[PDB]
Each structure stands twice: as C-alpha cells, then as structure tokens.
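Q: File follows, work.txt with compact mmCIF, N, CA, C and O atoms:
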```
# COMPACT_ATOMS: atom_id res chain seq x y z
N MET H 1 0.86 -1.22 0.00
CA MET H 1 0.00 0.00 0.00
C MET H 1 0.87 1.23 0.00
O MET H 1 2.04 1.17 0.38
N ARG H 2 0.29 2.33 -0.47
CA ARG H 2 1.02 3.58 -0.57
C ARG H 2 1.49 4.02 0.81
O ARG H 2 2.65 4.42 0.98
N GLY H 3 0.59 3.93 1.79
CA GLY H 3 0.90 4.30 3.17
C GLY H 3 1.21 3.07 4.02
O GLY H 3 1.36 1.96 3.49
N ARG H 4 1.30 3.27 5.34
CA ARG H 4 1.58 2.18 6.27
C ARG H 4 0.30 1.76 7.01
O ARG H 4 -0.32 2.57 7.71
N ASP H 5 -0.09 0.49 6.84
CA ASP H 5 -1.29 -0.05 7.49
C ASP H 5 -0.96 -0.63 8.86
O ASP H 5 0.22 -0.76 9.23
N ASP H 6 -2.00 -1.00 9.61
CA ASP H 6 -1.83 -1.60 10.95
C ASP H 6 -1.90 -3.14 10.92
O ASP H 6 -1.69 -3.79 11.95
N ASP H 7 -2.19 -3.72 9.73
CA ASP H 7 -2.26 -5.17 9.57
C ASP H 7 -0.88 -5.80 9.68
O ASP H 7 -0.74 -6.94 10.16
N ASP H 8 0.14 -5.07 9.22
CA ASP H 8 1.52 -5.56 9.25
C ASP H 8 2.26 -5.20 10.56
O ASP H 8 3.47 -5.43 10.67
N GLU H 9 1.52 -4.64 11.53
CA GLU H 9 2.11 -4.25 12.82
C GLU H 9 1.77 -5.28 13.90
O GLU H 9 0.65 -5.80 13.94
N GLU H 10 2.75 -5.55 14.78
CA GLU H 10 2.55 -6.51 15.87
C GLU H 10 1.65 -5.92 16.95
O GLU H 10 1.70 -4.71 17.22
N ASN H 11 0.82 -6.77 17.56
CA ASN H 11 -0.11 -6.34 18.60
C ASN H 11 0.65 -5.98 19.91
O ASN H 11 1.68 -6.58 20.20
N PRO H 12 0.15 -5.00 20.70
CA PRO H 12 0.82 -4.59 21.99
C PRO H 12 1.01 -5.76 22.95
O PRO H 12 2.03 -5.86 23.63
N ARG H 13 0.00 -6.64 23.00
CA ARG H 13 0.03 -7.81 23.89
C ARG H 13 1.02 -8.85 23.39
O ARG H 13 1.22 -9.00 22.17
N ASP H 14 1.63 -9.59 24.33
CA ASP H 14 2.59 -10.64 23.98
C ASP H 14 1.84 -11.97 23.69
O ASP H 14 1.26 -12.55 24.61
N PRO H 15 1.84 -12.48 22.43
CA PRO H 15 1.13 -13.76 22.09
C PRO H 15 1.82 -15.01 22.67
O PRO H 15 1.20 -16.06 22.80
N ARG H 16 3.12 -14.88 22.97
CA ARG H 16 3.91 -16.00 23.48
C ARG H 16 3.40 -16.49 24.84
O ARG H 16 3.43 -17.69 25.12
N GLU H 17 2.99 -15.55 25.71
CA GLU H 17 2.55 -15.90 27.07
C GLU H 17 1.33 -16.83 27.04
O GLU H 17 1.31 -17.85 27.75
N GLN H 18 0.34 -16.50 26.20
CA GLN H 18 -0.86 -17.34 26.08
C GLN H 18 -0.56 -18.63 25.31
O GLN H 18 -1.13 -19.68 25.59
N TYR H 19 0.38 -18.53 24.35
CA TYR H 19 0.80 -19.68 23.56
C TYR H 19 1.41 -20.73 24.49
O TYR H 19 1.08 -21.92 24.42
N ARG H 20 2.28 -20.26 25.40
CA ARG H 20 2.92 -21.13 26.38
C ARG H 20 1.86 -21.81 27.25
O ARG H 20 2.01 -22.98 27.62
N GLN H 21 0.79 -21.06 27.58
CA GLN H 21 -0.28 -21.58 28.42
C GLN H 21 -0.92 -22.82 27.77
O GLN H 21 -1.19 -23.80 28.47
N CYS H 22 -1.13 -22.77 26.44
CA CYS H 22 -1.70 -23.91 25.73
C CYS H 22 -0.80 -25.13 25.87
O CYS H 22 -1.28 -26.25 26.07
N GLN H 23 0.51 -24.92 25.69
CA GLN H 23 1.48 -26.02 25.74
C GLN H 23 1.43 -26.73 27.10
O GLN H 23 1.47 -27.96 27.15
N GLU H 24 1.34 -25.94 28.17
CA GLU H 24 1.27 -26.50 29.53
C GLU H 24 -0.01 -27.34 29.69
O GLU H 24 0.01 -28.44 30.24
N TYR H 25 -1.13 -26.79 29.19
CA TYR H 25 -2.43 -27.46 29.27
C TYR H 25 -2.40 -28.79 28.50
O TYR H 25 -2.87 -29.82 29.00
N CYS H 26 -1.88 -28.74 27.26
CA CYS H 26 -1.84 -29.91 26.39
C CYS H 26 -1.03 -31.05 27.02
O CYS H 26 -1.48 -32.20 27.04
N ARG H 27 0.18 -30.73 27.51
CA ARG H 27 1.05 -31.74 28.13
C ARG H 27 0.42 -32.31 29.39
O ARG H 27 0.49 -33.52 29.64
N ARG H 28 -0.18 -31.43 30.21
CA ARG H 28 -0.81 -31.85 31.46
C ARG H 28 -2.00 -32.79 31.20
O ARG H 28 -2.18 -33.78 31.92
N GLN H 29 -2.80 -32.46 30.18
CA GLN H 29 -3.98 -33.27 29.84
C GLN H 29 -3.90 -33.74 28.39
O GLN H 29 -3.83 -32.93 27.46
N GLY H 30 -3.95 -35.07 28.21
CA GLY H 30 -3.90 -35.67 26.87
C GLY H 30 -2.80 -36.72 26.77
O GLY H 30 -1.91 -36.77 27.62
N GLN H 31 -2.89 -37.56 25.73
CA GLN H 31 -1.90 -38.62 25.51
C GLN H 31 -1.78 -38.95 24.02
O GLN H 31 -2.78 -39.04 23.31
N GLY H 32 -0.53 -39.17 23.58
CA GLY H 32 -0.26 -39.52 22.18
C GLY H 32 0.21 -38.31 21.37
O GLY H 32 -0.16 -37.17 21.66
N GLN H 33 1.02 -38.59 20.35
CA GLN H 33 1.56 -37.55 19.47
C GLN H 33 0.46 -36.87 18.67
O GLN H 33 0.52 -35.66 18.41
N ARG H 34 -0.53 -37.66 18.23
CA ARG H 34 -1.62 -37.15 17.40
C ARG H 34 -2.40 -36.07 18.13
O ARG H 34 -2.75 -35.04 17.54
N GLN H 35 -2.65 -36.29 19.43
CA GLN H 35 -3.37 -35.31 20.25
C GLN H 35 -2.54 -34.04 20.43
O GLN H 35 -3.08 -32.93 20.47
N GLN H 36 -1.21 -34.22 20.55
CA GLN H 36 -0.29 -33.09 20.73
C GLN H 36 -0.40 -32.13 19.55
O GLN H 36 -0.42 -30.91 19.73
N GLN H 37 -0.52 -32.68 18.35
CA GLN H 37 -0.71 -31.87 17.15
C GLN H 37 -2.06 -31.15 17.21
O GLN H 37 -2.19 -30.00 16.80
N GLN H 38 -3.08 -31.87 17.72
CA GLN H 38 -4.44 -31.34 17.81
C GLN H 38 -4.53 -30.11 18.75
O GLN H 38 -5.20 -29.13 18.42
N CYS H 39 -3.87 -30.19 19.92
CA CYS H 39 -3.92 -29.09 20.90
C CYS H 39 -3.14 -27.86 20.41
O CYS H 39 -3.60 -26.73 20.59
N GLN H 40 -1.97 -28.10 19.82
CA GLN H 40 -1.13 -27.01 19.31
C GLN H 40 -1.81 -26.26 18.15
O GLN H 40 -1.76 -25.03 18.08
N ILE H 41 -2.42 -27.02 17.23
CA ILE H 41 -3.08 -26.45 16.06
C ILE H 41 -4.27 -25.56 16.46
O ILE H 41 -4.44 -24.45 15.93
N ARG H 42 -5.11 -26.06 17.39
CA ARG H 42 -6.29 -25.31 17.83
C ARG H 42 -5.89 -24.00 18.49
O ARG H 42 -6.51 -22.96 18.25
N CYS H 43 -4.84 -24.06 19.31
CA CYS H 43 -4.33 -22.88 20.00
C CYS H 43 -3.73 -21.88 19.00
O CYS H 43 -3.87 -20.67 19.17
N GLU H 44 -3.05 -22.40 17.97
CA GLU H 44 -2.41 -21.56 16.95
C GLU H 44 -3.43 -20.69 16.21
O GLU H 44 -3.19 -19.48 16.03
N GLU H 45 -4.56 -21.28 15.78
CA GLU H 45 -5.59 -20.51 15.06
C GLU H 45 -6.21 -19.50 15.98
O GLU H 45 -6.44 -18.37 15.60
N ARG H 46 -6.47 -19.93 17.22
CA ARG H 46 -7.08 -19.07 18.24
C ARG H 46 -6.18 -17.88 18.54
O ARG H 46 -6.65 -16.76 18.72
N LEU H 47 -4.87 -18.15 18.62
CA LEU H 47 -3.89 -17.11 18.92
C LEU H 47 -3.92 -16.02 17.84
O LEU H 47 -4.08 -14.83 18.15
N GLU H 48 -3.85 -16.44 16.58
CA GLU H 48 -3.93 -15.52 15.44
C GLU H 48 -5.31 -14.87 15.39
O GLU H 48 -5.44 -13.68 15.08
N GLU H 49 -6.33 -15.68 15.68
CA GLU H 49 -7.70 -15.24 15.67
C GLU H 49 -7.90 -14.09 16.68
O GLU H 49 -8.62 -13.13 16.41
N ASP H 50 -7.26 -14.23 17.85
CA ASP H 50 -7.36 -13.23 18.92
C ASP H 50 -6.79 -11.87 18.49
O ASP H 50 -7.42 -10.83 18.74
N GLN H 51 -5.60 -11.88 17.86
CA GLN H 51 -4.97 -10.62 17.41
C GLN H 51 -5.84 -9.89 16.40
O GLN H 51 -5.92 -8.65 16.42
N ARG H 52 -6.49 -10.65 15.51
CA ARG H 52 -7.35 -10.05 14.49
C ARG H 52 -8.50 -9.28 15.14
O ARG H 52 -8.88 -8.20 14.66
N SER H 53 -9.05 -9.83 16.23
CA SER H 53 -10.16 -9.20 16.95
C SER H 53 -9.75 -7.83 17.50
O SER H 53 -10.52 -6.87 17.43
N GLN H 54 -8.53 -7.75 18.06
CA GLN H 54 -8.02 -6.49 18.64
C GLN H 54 -8.88 -6.05 19.82
O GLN H 54 -10.10 -5.92 19.71
N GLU H 55 -8.22 -5.80 20.96
CA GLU H 55 -8.90 -5.35 22.17
C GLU H 55 -8.09 -4.25 22.87
O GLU H 55 -7.49 -4.47 23.94
N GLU H 56 -8.08 -3.06 22.26
CA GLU H 56 -7.37 -1.91 22.81
C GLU H 56 -7.99 -1.50 24.14
O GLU H 56 -7.28 -1.15 25.09
N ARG H 57 -9.32 -1.54 24.19
CA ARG H 57 -10.07 -1.17 25.38
C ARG H 57 -9.58 -1.95 26.60
O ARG H 57 -9.88 -1.52 27.71
```
Would you write out, as structure tokens, the structure that this file holds?
A:
Amino acid sequence: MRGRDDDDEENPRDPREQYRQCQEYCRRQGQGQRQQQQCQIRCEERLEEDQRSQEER
C-alpha cells in the first residue's frame, strides 16, 4: 500500500505468554503424538484469531 497499514504491525500484547499456556495445558492433559498436534493447532488458530479481533479497550 502507498501508506503504512496496521495489519503488518505486531499487537501490543505478547502472544507468546498465552501460547505457552496452551502447551502446559496440552502436556498436562492428553496422551499420544496425534493429540499433541491437535492441541497445538487449535491454539495456533485461536492465537492468530485473537490478534485479528483487537482489544485496545
């Protein structure tokens, strides 16, 4: 774009902290490699999904 948009800018909140939370939850509850992929994937979309929503308030 001619100017600078906010889509290419990182959100003020740290996504890593909540991402780490998913990893702890998944390991604590669940069994098998297949489930490990399932918990990480769901959290990944949600993580990106959360930033799109934006909550400045």
Q: Report, as AutoDock Vina command-line options, the centre and edge lengths in Å (one decimal) of the axis-aligned box enclosing every listed atom of region 23-33 of chain H, padded by 5 Å on each side.
A:
```
--center_x -1.2 --center_y -32.2 --center_z 25.2 --size_x 15.5 --size_y 24.6 --size_z 23.5
```
Q: Can you tell me how far atom C of residue 43 (chain H) sits from atom C of residue 3 (chain H), in Å to one decimal?
A: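 So the answer is 29.5 Å.
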Q: Among chain H, which ones does DSSP place in helix (DSSP H, G or I), written as a PDB file with N, CA, C and O atoms, keeping the file's coordinate frame?
A:
```pdb
ATOM      1  N   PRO H  15       1.840 -12.480  22.430  1.00  0.00           N
ATOM      2  CA  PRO H  15       1.130 -13.760  22.090  1.00  0.00           C
ATOM      3  C   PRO H  15       1.820 -15.010  22.670  1.00  0.00           C
ATOM      4  O   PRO H  15       1.200 -16.060  22.800  1.00  0.00           O
ATOM      5  N   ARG H  16       3.120 -14.880  22.970  1.00  0.00           N
ATOM      6  CA  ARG H  16       3.910 -16.000  23.480  1.00  0.00           C
ATOM      7  C   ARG H  16       3.400 -16.490  24.840  1.00  0.00           C
ATOM      8  O   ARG H  16       3.430 -17.690  25.120  1.00  0.00           O
ATOM      9  N   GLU H  17       2.990 -15.550  25.710  1.00  0.00           N
ATOM     10  CA  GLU H  17       2.550 -15.900  27.070  1.00  0.00           C
ATOM     11  C   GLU H  17       1.330 -16.830  27.040  1.00  0.00           C
ATOM     12  O   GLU H  17       1.310 -17.850  27.750  1.00  0.00           O
ATOM     13  N   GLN H  18       0.340 -16.500  26.200  1.00  0.00           N
ATOM     14  CA  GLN H  18      -0.860 -17.340  26.080  1.00  0.00           C
ATOM     15  C   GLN H  18      -0.560 -18.630  25.310  1.00  0.00           C
ATOM     16  O   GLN H  18      -1.130 -19.680  25.590  1.00  0.00           O
ATOM     17  N   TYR H  19       0.380 -18.530  24.350  1.00  0.00           N
ATOM     18  CA  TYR H  19       0.800 -19.680  23.560  1.00  0.00           C
ATOM     19  C   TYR H  19       1.410 -20.730  24.490  1.00  0.00           C
ATOM     20  O   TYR H  19       1.080 -21.920  24.420  1.00  0.00           O
ATOM     21  N   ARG H  20       2.280 -20.260  25.400  1.00  0.00           N
ATOM     22  CA  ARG H  20       2.920 -21.130  26.380  1.00  0.00           C
ATOM     23  C   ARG H  20       1.860 -21.810  27.250  1.00  0.00           C
ATOM     24  O   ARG H  20       2.010 -22.980  27.620  1.00  0.00           O
ATOM     25  N   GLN H  21       0.790 -21.060  27.580  1.00  0.00           N
ATOM     26  CA  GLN H  21      -0.280 -21.580  28.420  1.00  0.00           C
ATOM     27  C   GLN H  21      -0.920 -22.820  27.770  1.00  0.00           C
ATOM     28  O   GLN H  21      -1.190 -23.800  28.470  1.00  0.00           O
ATOM     29  N   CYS H  22      -1.130 -22.770  26.440  1.00  0.00           N
ATOM     30  CA  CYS H  22      -1.700 -23.910  25.730  1.00  0.00           C
ATOM     31  C   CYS H  22      -0.800 -25.130  25.870  1.00  0.00           C
ATOM     32  O   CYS H  22      -1.280 -26.250  26.070  1.00  0.00           O
ATOM     33  N   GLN H  23       0.510 -24.920  25.690  1.00  0.00           N
ATOM     34  CA  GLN H  23       1.480 -26.020  25.740  1.00  0.00           C
ATOM     35  C   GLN H  23       1.430 -26.730  27.100  1.00  0.00           C
ATOM     36  O   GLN H  23       1.470 -27.960  27.150  1.00  0.00           O
ATOM     37  N   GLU H  24       1.340 -25.940  28.170  1.00  0.00           N
ATOM     38  CA  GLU H  24       1.270 -26.500  29.530  1.00  0.00           C
ATOM     39  C   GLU H  24      -0.010 -27.340  29.690  1.00  0.00           C
ATOM     40  O   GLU H  24       0.010 -28.440  30.240  1.00  0.00           O
ATOM     41  N   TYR H  25      -1.130 -26.790  29.190  1.00  0.00           N
ATOM     42  CA  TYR H  25      -2.430 -27.460  29.270  1.00  0.00           C
ATOM     43  C   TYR H  25      -2.400 -28.790  28.500  1.00  0.00           C
ATOM     44  O   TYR H  25      -2.870 -29.820  29.000  1.00  0.00           O
ATOM     45  N   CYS H  26      -1.880 -28.740  27.260  1.00  0.00           N
ATOM     46  CA  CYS H  26      -1.840 -29.910  26.390  1.00  0.00           C
ATOM     47  C   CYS H  26      -1.030 -31.050  27.020  1.00  0.00           C
ATOM     48  O   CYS H  26      -1.480 -32.200  27.040  1.00  0.00           O
ATOM     49  N   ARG H  27       0.180 -30.730  27.510  1.00  0.00           N
ATOM     50  CA  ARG H  27       1.050 -31.740  28.130  1.00  0.00           C
ATOM     51  C   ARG H  27       0.420 -32.310  29.390  1.00  0.00           C
ATOM     52  O   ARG H  27       0.490 -33.520  29.640  1.00  0.00           O
ATOM     53  N   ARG H  28      -0.180 -31.430  30.210  1.00  0.00           N
ATOM     54  CA  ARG H  28      -0.810 -31.850  31.460  1.00  0.00           C
ATOM     55  C   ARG H  28      -2.000 -32.790  31.200  1.00  0.00           C
ATOM     56  O   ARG H  28      -2.180 -33.780  31.920  1.00  0.00           O
ATOM     57  N   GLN H  33       1.020 -38.590  20.350  1.00  0.00           N
ATOM     58  CA  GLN H  33       1.560 -37.550  19.470  1.00  0.00           C
ATOM     59  C   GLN H  33       0.460 -36.870  18.670  1.00  0.00           C
ATOM     60  O   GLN H  33       0.520 -35.660  18.410  1.00  0.00           O
ATOM     61  N   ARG H  34      -0.530 -37.660  18.230  1.00  0.00           N
ATOM     62  CA  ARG H  34      -1.620 -37.150  17.400  1.00  0.00           C
ATOM     63  C   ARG H  34      -2.400 -36.070  18.130  1.00  0.00           C
ATOM     64  O   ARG H  34      -2.750 -35.040  17.540  1.00  0.00           O
ATOM     65  N   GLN H  35      -2.650 -36.290  19.430  1.00  0.00           N
ATOM     66  CA  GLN H  35      -3.370 -35.310  20.250  1.00  0.00           C
ATOM     67  C   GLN H  35      -2.540 -34.040  20.430  1.00  0.00           C
ATOM     68  O   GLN H  35      -3.080 -32.930  20.470  1.00  0.00           O
ATOM     69  N   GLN H  36      -1.210 -34.220  20.550  1.00  0.00           N
ATOM     70  CA  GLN H  36      -0.290 -33.090  20.730  1.00  0.00           C
ATOM     71  C   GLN H  36      -0.400 -32.130  19.550  1.00  0.00           C
ATOM     72  O   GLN H  36      -0.420 -30.910  19.730  1.00  0.00           O
ATOM     73  N   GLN H  37      -0.520 -32.680  18.350  1.00  0.00           N
ATOM     74  CA  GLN H  37      -0.710 -31.870  17.150  1.00  0.00           C
ATOM     75  C   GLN H  37      -2.060 -31.150  17.210  1.00  0.00           C
ATOM     76  O   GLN H  37      -2.190 -30.000  16.800  1.00  0.00           O
ATOM     77  N   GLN H  38      -3.080 -31.870  17.720  1.00  0.00           N
ATOM     78  CA  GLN H  38      -4.440 -31.340  17.810  1.00  0.00           C
ATOM     79  C   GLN H  38      -4.530 -30.110  18.750  1.00  0.00           C
ATOM     80  O   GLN H  38      -5.200 -29.130  18.420  1.00  0.00           O
ATOM     81  N   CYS H  39      -3.870 -30.190  19.920  1.00  0.00           N
ATOM     82  CA  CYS H  39      -3.920 -29.090  20.900  1.00  0.00           C
ATOM     83  C   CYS H  39      -3.140 -27.860  20.410  1.00  0.00           C
ATOM     84  O   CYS H  39      -3.600 -26.730  20.590  1.00  0.00           O
ATOM     85  N   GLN H  40      -1.970 -28.100  19.820  1.00  0.00           N
ATOM     86  CA  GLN H  40      -1.130 -27.010  19.310  1.00  0.00           C
ATOM     87  C   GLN H  40      -1.810 -26.260  18.150  1.00  0.00           C
ATOM     88  O   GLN H  40      -1.760 -25.030  18.080  1.00  0.00           O
ATOM     89  N   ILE H  41      -2.420 -27.020  17.230  1.00  0.00           N
ATOM     90  CA  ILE H  41      -3.080 -26.450  16.060  1.00  0.00           C
ATOM     91  C   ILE H  41      -4.270 -25.560  16.460  1.00  0.00           C
ATOM     92  O   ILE H  41      -4.440 -24.450  15.930  1.00  0.00           O
ATOM     93  N   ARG H  42      -5.110 -26.060  17.390  1.00  0.00           N
ATOM     94  CA  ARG H  42      -6.290 -25.310  17.830  1.00  0.00           C
ATOM     95  C   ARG H  42      -5.890 -24.000  18.490  1.00  0.00           C
ATOM     96  O   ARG H  42      -6.510 -22.960  18.250  1.00  0.00           O
ATOM     97  N   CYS H  43      -4.840 -24.060  19.310  1.00  0.00           N
ATOM     98  CA  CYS H  43      -4.330 -22.880  20.000  1.00  0.00           C
ATOM     99  C   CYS H  43      -3.730 -21.880  19.000  1.00  0.00           C
ATOM    100  O   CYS H  43      -3.870 -20.670  19.170  1.00  0.00           O
ATOM    101  N   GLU H  44      -3.050 -22.400  17.970  1.00  0.00           N
ATOM    102  CA  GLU H  44      -2.410 -21.560  16.950  1.00  0.00           C
ATOM    103  C   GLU H  44      -3.430 -20.690  16.210  1.00  0.00           C
ATOM    104  O   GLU H  44      -3.190 -19.480  16.030  1.00  0.00           O
ATOM    105  N   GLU H  45      -4.560 -21.280  15.780  1.00  0.00           N
ATOM    106  CA  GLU H  45      -5.590 -20.510  15.060  1.00  0.00           C
ATOM    107  C   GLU H  45      -6.210 -19.500  15.980  1.00  0.00           C
ATOM    108  O   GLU H  45      -6.440 -18.370  15.600  1.00  0.00           O
ATOM    109  N   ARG H  46      -6.470 -19.930  17.220  1.00  0.00           N
ATOM    110  CA  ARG H  46      -7.080 -19.070  18.240  1.00  0.00           C
ATOM    111  C   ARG H  46      -6.180 -17.880  18.540  1.00  0.00           C
ATOM    112  O   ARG H  46      -6.650 -16.760  18.720  1.00  0.00           O
ATOM    113  N   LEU H  47      -4.870 -18.150  18.620  1.00  0.00           N
ATOM    114  CA  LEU H  47      -3.890 -17.110  18.920  1.00  0.00           C
ATOM    115  C   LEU H  47      -3.920 -16.020  17.840  1.00  0.00           C
ATOM    116  O   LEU H  47      -4.080 -14.830  18.150  1.00  0.00           O
ATOM    117  N   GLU H  48      -3.850 -16.440  16.580  1.00  0.00           N
ATOM    118  CA  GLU H  48      -3.930 -15.520  15.440  1.00  0.00           C
ATOM    119  C   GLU H  48      -5.310 -14.870  15.390  1.00  0.00           C
ATOM    120  O   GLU H  48      -5.440 -13.680  15.080  1.00  0.00           O
ATOM    121  N   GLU H  49      -6.330 -15.680  15.680  1.00  0.00           N
ATOM    122  CA  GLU H  49      -7.700 -15.240  15.670  1.00  0.00           C
ATOM    123  C   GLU H  49      -7.900 -14.090  16.680  1.00  0.00           C
ATOM    124  O   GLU H  49      -8.620 -13.130  16.410  1.00  0.00           O
ATOM    125  N   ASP H  50      -7.260 -14.230  17.850  1.00  0.00           N
ATOM    126  CA  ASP H  50      -7.360 -13.230  18.920  1.00  0.00           C
ATOM    127  C   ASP H  50      -6.790 -11.870  18.490  1.00  0.00           C
ATOM    128  O   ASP H  50      -7.420 -10.830  18.740  1.00  0.00           O
ATOM    129  N   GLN H  51      -5.600 -11.880  17.860  1.00  0.00           N
ATOM    130  CA  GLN H  51      -4.970 -10.620  17.410  1.00  0.00           C
ATOM    131  C   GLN H  51      -5.840  -9.890  16.400  1.00  0.00           C
ATOM    132  O   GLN H  51      -5.920  -8.650  16.420  1.00  0.00           O
ATOM    133  N   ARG H  52      -6.490 -10.650  15.510  1.00  0.00           N
ATOM    134  CA  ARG H  52      -7.350 -10.050  14.490  1.00  0.00           C
ATOM    135  C   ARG H  52      -8.500  -9.280  15.140  1.00  0.00           C
ATOM    136  O   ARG H  52      -8.880  -8.200  14.660  1.00  0.00           O
ATOM    137  N   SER H  53      -9.050  -9.830  16.230  1.00  0.00           N
ATOM    138  CA  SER H  53     -10.160  -9.200  16.950  1.00  0.00           C
ATOM    139  C   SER H  53      -9.750  -7.830  17.500  1.00  0.00           C
ATOM    140  O   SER H  53     -10.520  -6.870  17.430  1.00  0.00           O
TER     141      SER H  53
END
```
Q: Report, in Å with one decimal, the straight-line distance from atom N of residue 53 (chain H) to CA of residue 40 (chain H).
A: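 Going from atom N of residue 53 (chain H) over to CA of residue 40 (chain H) covers 19.2 Å.
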Q: How close does each residue of region 15-40 of chain H get to region 45-49 of chain H, giving the shortest atom pair and distance in Å to one decimal for every residue with an atom at most 8 Å away, counting only N, CA, C and O atoms, sorted by chain and residue number, as CSV?
A:
```
residue,atom,partner,partner_atom,distance
H:15,O,H:47,CA,6.5
H:18,C,H:47,CA,7.4
H:19,N,H:47,CA,7.1
H:39,O,H:45,N,7.3
H:40,O,H:45,N,5.2
```
Q: By how many Å are CA of residue 20 (chain H) and CA of residue 44 (chain H) apart?
A: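 If I compute the distance from CA of residue 20 (chain H) to CA of residue 44 (chain H), I get 10.8 Å.
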Q: Check the smallest atom-to-atom distance from each of H:13, H:22, H:55, H:6 to residue 36 (chain H) using only N, CA, C and O atoms, then report the winner.
A: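 Closest residue, counting only N, CA, C and O atoms: H:22.
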